[PDB]
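Undergrad: Quick one, my_file32.pdb (PDB, C-alpha atoms):
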```
ATOM      1  CA  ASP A   1      45.350 -51.363  60.116
ATOM      2  CA  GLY A   2      45.582 -53.287  56.869
ATOM      3  CA  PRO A   3      47.157 -51.926  53.707
ATOM      4  CA  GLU A   4      43.871 -52.418  51.829
ATOM      5  CA  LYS A   5      42.510 -49.441  53.764
ATOM      6  CA  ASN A   6      45.320 -47.166  52.577
ATOM      7  CA  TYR A   7      45.217 -48.524  49.022
ATOM      8  CA  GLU A   8      41.464 -48.191  48.481
ATOM      9  CA  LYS A   9      41.263 -44.866  50.321
ATOM     10  CA  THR A  10      44.077 -43.313  48.293
ATOM     11  CA  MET A  11      42.819 -44.429  44.883
ATOM     12  CA  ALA A  12      39.433 -42.951  45.777
ATOM     13  CA  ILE A  13      41.301 -39.766  46.719
ATOM     14  CA  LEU A  14      43.061 -39.878  43.353
ATOM     15  CA  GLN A  15      39.710 -40.364  41.610
ATOM     16  CA  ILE A  16      38.239 -37.330  43.381
ATOM     17  CA  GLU A  17      41.323 -35.256  42.566
ATOM     18  CA  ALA A  18      41.148 -36.240  38.891
ATOM     19  CA  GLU A  19      37.543 -35.070  38.528
ATOM     20  CA  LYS A  20      38.375 -31.878  40.422
ATOM     21  CA  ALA A  21      41.381 -31.250  38.176
ATOM     22  CA  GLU A  22      39.465 -32.105  35.000
ATOM     23  CA  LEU A  23      36.573 -29.787  35.869
ATOM     24  CA  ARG A  24      38.880 -26.816  36.495
ATOM     25  CA  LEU A  25      40.627 -27.373  33.161
ATOM     26  CA  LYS A  26      37.254 -27.584  31.421
ATOM     27  CA  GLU A  27      36.122 -24.483  33.327
ATOM     28  CA  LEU A  28      38.745 -22.240  31.729
ATOM     29  CA  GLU A  29      37.612 -23.489  28.321
ATOM     30  CA  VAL A  30      33.893 -23.004  29.023
ATOM     31  CA  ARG A  31      34.427 -19.540  30.495
ATOM     32  CA  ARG A  32      36.653 -18.537  27.570
ATOM     33  CA  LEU A  33      34.053 -19.377  24.921
ATOM     34  CA  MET A  34      31.246 -17.748  26.915
ATOM     35  CA  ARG A  35      33.062 -14.415  27.067
ATOM     36  CA  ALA A  36      33.756 -14.570  23.308
ATOM     37  CA  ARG A  37      30.510 -15.601  21.585
ATOM     38  CA  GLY A  38      28.207 -14.828  24.515
ATOM     39  CA  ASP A  39      25.375 -17.237  23.665
ATOM     40  CA  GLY A  40      25.444 -18.898  27.081
ATOM     41  CA  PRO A  41      23.665 -18.361  30.395
ATOM     42  CA  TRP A  42      26.255 -16.320  32.257
ATOM     43  CA  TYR A  43      28.345 -13.325  31.117
ATOM     44  CA  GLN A  44      25.157 -11.868  29.591
ATOM     45  CA  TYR A  45      25.664  -8.127  29.815
ATOM     46  CA  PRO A  46      22.509  -6.055  30.376
ATOM     47  CA  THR A  47      20.470  -4.730  27.466
ATOM     48  CA  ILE A  48      17.498  -2.385  27.290
ATOM     49  CA  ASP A  49      14.260  -4.337  27.651
ATOM     50  CA  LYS A  50      11.770  -4.275  24.781
ATOM     51  CA  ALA A  51       8.928  -3.238  27.119
ATOM     52  CA  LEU A  52       9.792   0.450  27.572
ATOM     53  CA  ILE A  53       8.959   1.284  23.940
ATOM     54  CA  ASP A  54       5.787   3.338  23.481
ATOM     55  CA  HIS A  55       4.068   1.683  20.506
ATOM     56  CA  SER A  56       1.010   3.944  20.609
ATOM     57  CA  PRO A  57       0.437   6.231  17.597
ATOM     58  CA  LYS A  58       2.571   9.363  17.724
ATOM     59  CA  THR A  59       1.903  12.952  16.666
ATOM     60  CA  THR A  60       3.965  12.617  13.485
ATOM     61  CA  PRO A  61       2.317   9.896  11.349
ATOM     62  CA  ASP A  62       5.554   8.452   9.948
ATOM     63  CA  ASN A  63       7.095   7.989  13.414
TER      64      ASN A  63
ATOM     65  CA  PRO B   1      22.842   1.101  -0.184
ATOM     66  CA  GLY B   2      20.806   1.359  -3.379
ATOM     67  CA  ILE B   3      18.474   3.965  -4.814
ATOM     68  CA  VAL B   4      15.686   5.525  -2.746
ATOM     69  CA  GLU B   5      12.441   5.353  -4.702
ATOM     70  CA  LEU B   6      10.807   8.746  -5.276
ATOM     71  CA  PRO B   7       7.482   9.217  -7.104
ATOM     72  CA  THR B   8       7.815  11.026 -10.414
ATOM     73  CA  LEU B   9       6.813  14.665 -10.829
ATOM     74  CA  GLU B  10       4.018  13.733 -13.255
ATOM     75  CA  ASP B  11       1.483  12.081 -10.948
ATOM     76  CA  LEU B  12       2.814  14.408  -8.239
ATOM     77  CA  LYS B  13       1.224  17.362 -10.037
ATOM     78  CA  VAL B  14      -2.088  17.733  -8.200
ATOM     79  CA  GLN B  15      -4.639  20.539  -8.057
ATOM     80  CA  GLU B  16      -3.685  22.441  -4.915
ATOM     81  CA  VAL B  17      -6.457  24.168  -2.981
ATOM     82  CA  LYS B  18      -5.980  27.878  -3.688
ATOM     83  CA  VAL B  19      -7.545  29.412  -0.583
ATOM     84  CA  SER B  20      -6.091  31.250   2.399
ATOM     85  CA  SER B  21      -6.055  30.392   6.113
ATOM     86  CA  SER B  22      -9.056  32.479   7.179
ATOM     87  CA  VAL B  23     -11.406  30.859   4.659
ATOM     88  CA  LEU B  24     -10.179  27.404   5.705
ATOM     89  CA  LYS B  25     -10.577  28.047   9.431
ATOM     90  CA  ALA B  26     -13.941  29.809   9.110
ATOM     91  CA  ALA B  27     -15.584  26.780   7.470
ATOM     92  CA  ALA B  28     -13.299  24.194   9.096
ATOM     93  CA  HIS B  29     -16.042  22.741  11.302
ATOM     94  CA  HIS B  30     -18.459  22.172   8.419
ATOM     95  CA  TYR B  31     -15.654  21.091   6.077
ATOM     96  CA  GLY B  32     -14.481  18.498   8.587
ATOM     97  CA  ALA B  33     -18.016  17.360   9.382
ATOM     98  CA  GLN B  34     -19.266  16.818   5.819
ATOM     99  CA  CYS B  35     -16.325  15.650   3.666
ATOM    100  CA  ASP B  36     -14.535  13.440   6.181
ATOM    101  CA  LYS B  37     -14.411   9.860   4.897
ATOM    102  CA  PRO B  38     -11.684  10.544   2.273
ATOM    103  CA  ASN B  39      -9.776  12.419   4.978
ATOM    104  CA  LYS B  40     -10.054   9.429   7.318
ATOM    105  CA  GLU B  41      -8.879   7.064   4.574
ATOM    106  CA  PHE B  42      -5.825   9.237   3.928
ATOM    107  CA  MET B  43      -5.291   9.857   7.647
ATOM    108  CA  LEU B  44      -5.309   6.134   8.411
ATOM    109  CA  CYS B  45      -3.038   5.415   5.445
ATOM    110  CA  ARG B  46      -0.449   7.924   6.666
ATOM    111  CA  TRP B  47      -0.283   6.438  10.174
ATOM    112  CA  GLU B  48      -0.391   2.794   9.045
ATOM    113  CA  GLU B  49       1.848   2.810   5.962
ATOM    114  CA  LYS B  50       4.274   5.268   7.624
ATOM    115  CA  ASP B  51       5.443   5.901   4.045
ATOM    116  CA  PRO B  52       4.141   9.095   2.380
ATOM    117  CA  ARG B  53       4.698   7.760  -1.141
ATOM    118  CA  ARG B  54       2.242   4.899  -0.582
ATOM    119  CA  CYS B  55      -0.791   7.140   0.043
ATOM    120  CA  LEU B  56      -0.222   9.982  -2.435
ATOM    121  CA  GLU B  57      -3.352   8.982  -4.369
TER     122      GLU B  57
END
```
Represent the structure from my file as structure tokens, please.

TA:
Amino acid sequence: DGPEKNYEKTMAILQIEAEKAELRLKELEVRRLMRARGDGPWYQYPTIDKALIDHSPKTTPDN
Amino acid sequence: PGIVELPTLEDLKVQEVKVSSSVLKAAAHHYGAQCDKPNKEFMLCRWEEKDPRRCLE
């Protein structure tokens, strides 16, 4: 076929590869910060829910 | 961190009821039935404030 097919197809391939490569490099940076400061959606380790607490008056008044 | 506030011994000095257990329990029903409002005020204060020093009066 014509060389315009190979040229346009390849540069589109290069464009796809660039975004794929850029996203992986950004991924290591996103995942690094998440596991450090932990204010993001994932990596959230489980914590005890605030619903199990019995807030009804107890036998000892101060408790 | 810091001093813990404790009420002084002066206002702490309070006439303590000088009766035994049997006399208290024998008339407990009538004692609870008649003079009860000041008890309820102190009882509520102890459960709400959760701080004994707030309701000593």

Undergrad: Could you expand the PyMOL selection byres ((chain B) within 8 of (chain A)) into the explicit residues it covers here, written as a PyMOL selection string?

TA: chain B and resi 46-52

Undergrad: State, in Å with one decimal place, the distance from atom CA of residue B:12 to atom CA of residue B:30.

TA: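 Taking atom CA of residue B:12 as the start and atom CA of residue B:30 as the end point, the length is 28.1 Å.
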
Undergrad: Rounded to one decimal in Å, what is the spacing between atom CA of residue B:44 and atom CA of residue B:22?

TA: 26.6 Å

Undergrad: Give me the box for stretch 50-55 of chain B as AutoDock Vina command-line options, namely the centre and edge lengths in Å to one decimal of a box along x, y and z that holds every listed atom plus 5 Å on each side.

TA:
```
--center_x 2.3 --center_y 7.0 --center_z 3.2 --size_x 16.2 --size_y 14.2 --size_z 18.8
```

Undergrad: One decimal, Å: what's the distance from atom CA of residue B:18 over to atom CA of residue B:32, could you say?

TA: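 A separation of 17.6 Å between them.
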
Undergrad: If I put a ball of radius 12 Å at (-13.1, 23.9, 0.7) in the file's coordinates, which residues poke into it when counting all atoms listed in the file, written as a short mmCIF file (atom, residue, chain, number, x, y, z; two decimals) with C-alpha atoms, in the frame of the given file?

TA:
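Full text of out_9.cif as output:
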```
data_model
loop_
_atom_site.label_atom_id
_atom_site.label_comp_id
_atom_site.auth_asym_id
_atom_site.auth_seq_id
_atom_site.Cartn_x
_atom_site.Cartn_y
_atom_site.Cartn_z
CA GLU B 16 -3.68 22.44 -4.92
CA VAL B 17 -6.46 24.17 -2.98
CA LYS B 18 -5.98 27.88 -3.69
CA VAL B 19 -7.54 29.41 -0.58
CA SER B 20 -6.09 31.25 2.40
CA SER B 21 -6.06 30.39 6.11
CA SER B 22 -9.06 32.48 7.18
CA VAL B 23 -11.41 30.86 4.66
CA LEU B 24 -10.18 27.40 5.70
CA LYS B 25 -10.58 28.05 9.43
CA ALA B 26 -13.94 29.81 9.11
CA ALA B 27 -15.58 26.78 7.47
CA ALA B 28 -13.30 24.19 9.10
CA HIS B 29 -16.04 22.74 11.30
CA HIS B 30 -18.46 22.17 8.42
CA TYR B 31 -15.65 21.09 6.08
CA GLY B 32 -14.48 18.50 8.59
CA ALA B 33 -18.02 17.36 9.38
CA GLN B 34 -19.27 16.82 5.82
CA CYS B 35 -16.32 15.65 3.67
CA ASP B 36 -14.54 13.44 6.18
#
```
